[PDB]
RNA sequence: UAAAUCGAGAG
Ligand SMILES: [Zn+2]
Ligand SMILES: [Zn+2]
């Protein structure tokens with residue numbers, strides 16, 4: 001009910017250790033509902049074209 | 001680039017080969033496979049769709065020698081054409097009667 | 001799928017101060033490229049096809065003497081279903097400040113949809 | 001055979017064309033919201049005002 | 001040694017009926033590969049004509065524009081597909097459509113109340129004018145030289161009683177539809193066949209004689225024109241095996257469970273082709289076999 | 001006549017700085033009329 | 001060059017709750033042309049405890 | 001809302017058989033099965049197209065913004 | 001651009 005202090009910002013879950021150090025939000029990650037697919041090599045993941053257009057990898061030119 | 005030869009499967013002899021055809025399904029593939037399996041020189045023939053969502057078909061043809069896989073494919077295509085031609089002729093003849 | 005959003009031009013004022021913003025265009029130099037989806041009164045035509053980054057309503061702002069457009073904020077293309085002008089329960093004949101604009105989005109069955 | 005339902009197509013489409021002018025059909029649909037309607041109606045009418 | 005000559009000697013067509021919308025014929029001594037290829041090509045690959053694009057000018061009715069355009073695309077048009085060519089997707093939308101590949105239809109219907117309506121009336125025909133919008137209201141507008149080549153057979157929906165929309169006074173619909181050549185494997189509206197399918201010929205093998213009253217019971221387990229009691233001696237025989245579905249009701253009785261076998265003549269197909277209206281089923285089957293032949297020819301003539 | 005009253009359905013044209021209300025009745029809700037404009041679609 | 005994800009790239013697939021380490025694996029990427037779902041082989045469902053009842057999961061793209 | 005143009009399962013045009021179906025049920029005292037058979041709907045995929053249609057559009061049509069009431 | 005609280009859901 002009162003304004004949280006510095007201690008109240010670190011102590012419990014939703015604090016600063018458990019919510020922004022041990023678990024963080026990340027870049028270059030997608031989330032989606034899965035569907036089954038045979039004709040996939042059982043070590044592969046079938047990605048949509050949208051994810052293939054957004055997600056990128058920095059390849060140094062050689 | 002309608003039909004392409006897969007160099008990772010073809011043999012230097014030429015008896016064994018794999019062909020990839022764009023925009024095909026189990027419509028041309030099944031008929032062609034059966035018609036070329038009629039060939040006494042062909043040893044192994046099969047067709048496969050890598051993924052259903054891609055309009056790609058593969059035909060594997062391996063012979064007993066004396067005939068390349070390309071020649072077998074040509075004979076199969078010609079025989080399929082002749083089969084369709086005879087069914088067309090029979091249908092046209094039967095239409096005239098009734 | 002239908003989504004109705006209310007665009008209110010009276011959210012920057014209270015207590016009956018002079019109405020700063022008026023629906024429509026002014027006499028500044030705004031690109032005609034966004035006149036495709038807006039009428040002469042700065043409101044969208046019914047049935048037009050609106051994507052992300054396209055204007056929905058154009059309002060002139062006296063404080064800046066500039067014609068500013070509110071835009072459509074969604075990645076799902078939508079069609080303008082309807083537009084309603086909401087005059088207020090006030091004795092004074094106040095210029096329109098509230099517009100209720102309803103879009104429709106075609107939800108045809110894609111894979112991954114729960115049946 | 002006794003497990004017989006029926007599509008009331010002629011009945012249904014006619015009611016679609018012309019809604020009733022006396023009372024709503026399906027009286028059971030009004031008894032579902034009676035615990036709310038008759039509850040609100042009880043704080044202004046009934047015995048003792 | 002299989003050969004085209006042997007198949008030509010063994011193949012035979014047995015037409016059972018022929019109509020303007022349905023052909024029920026037979027293909028004997030042909031492999032299920034070729035028959036299934038014909039079936040698939042009929043369903044999915046023989047081109048037809050349907051309204052591909054819709055340009056709306058006003059739709060004040062209770063039906064949304066996308067649904068209305070979908071319905072206008074779903075109505076079959078009685079235009080022979082040979083009379084127009086194929087459009088180019090890579091062509092710009094200005095010059096993509098010509099008078100040789102696109103047919104223009106127009107629909108301009110405005111509803112308005114009928115003041116002379118009978119008193120105490122509920123029928124929406126006596127009450128309103130143009131209350132119901134039908135496919136026959138799709139007027140065809142010939143542009144260019146198609147005003148001459150379509151003069152003998154104007155474009156008109158195959159089923160004109162299709163109910164496109166319903167209107168109320170004040171509401172109106174004005175639109176144009178551009179109809180192009182397309183195949184059923186792209187969208188289901190281009191499939192010319194209402195349904196194309198073959199079935200194997202049923203085969204009822206009476207293993208042991210079923211003479212006597214049981215034959216009447218045996219005759220009862222099939223559609224009437226399938227099992228007949230022999231006129232001379234009380235005994236069952238297969239009068240016609242085309243008239244029974246494979247229902248296996250005889251298998252549900254222990255009396256005949258050991259006295260009959262059900263199978264198929266697995267090279268004898270009964271093809272039942274029901275068309276949509278733009279083409280006759282015989283021409284549909286002809287186009288299917290021609291499409292298979294041309295597909296094989298194109299594959300044969302392409303460098304590897 | 002760019003607008004329609006939401007009660008008596010009467011068409012009305014509204015100018016700048018004009019009272020947002022129907023003229024034939026005291027209703028303050030107006031719907032924007034669907035004017036004739038080219039809206040392309042695809043019959044799929 | 002910040003190139004698009006290809007067929008030779010690897011991806012970290014994880015489905016919550018991550019009770020055991022096998023619920024977060026590495027899959028070789030194959031890109032499909034049609035729809036907006038992550039398509040997964042049936043054998044992977046044993047470790048992820050994943051059905052196809054609208055279940056969702058996360059793909060991570062390592063950048064080195 | 002309004003009757004579908006085509007049967008979903010096979011594609012047979014059934015949008016021209018809704019007013020006919022209602023008239024067959026209305027004037028002629030017919031059951032649904034015989035009326036469907038007379039319309040030429042043999043397969044049950046086509047039969048449930050017209051047998052189970054609700055025709056909600058009429059209920060939609062009574063709410064008309066463009067006409068006074 | 002933010003934060004809580006409440007409510008509704010998915011696996
Ligand atoms: Zn009014
Ligand atoms: Zn059907």
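Numbering starts at 1 and runs along the chain as displayed.
When the header is checked for method, it gives electron microscopy, 3.2 Å.
Heads up, the Cβ atoms here are built off N, Cα and C, so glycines get one too.
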What Swiss-Prot calls ubiquitin cross-link, among H:42, H:59, is H:59
Consider the binding-site residues H:7, H:10, H:45 and say which one has the Cα lying nearest the Cα of residue H:59 (ubiquitin cross-link).
-> H:7
Counting other CB atoms within 10 Å of each candidate's CB, the least crowded of the binding-site residues H:7, H:10, H:45, H:46 is H:45
Three-state secondary structure of residue H:10 (Zn(2+) binding site) from DSSP?
-> coil
Check each of the recorded positions H:10, H:46, H:59 and report back the ones whose Cβ is under 8 Å from some Cβ of chain D.
-> H:59
Would you mind checking how many other C-beta atoms are within 10 angstroms of the C-beta on residue H:59 (ubiquitin cross-link)?
-> 16
Of H:7, H:10, H:45, H:46, H:59, which recorded positions come close to ligand 2, meaning Cβ under 6 Å from one of its atoms?
-> H:7, H:10, H:45, H:46
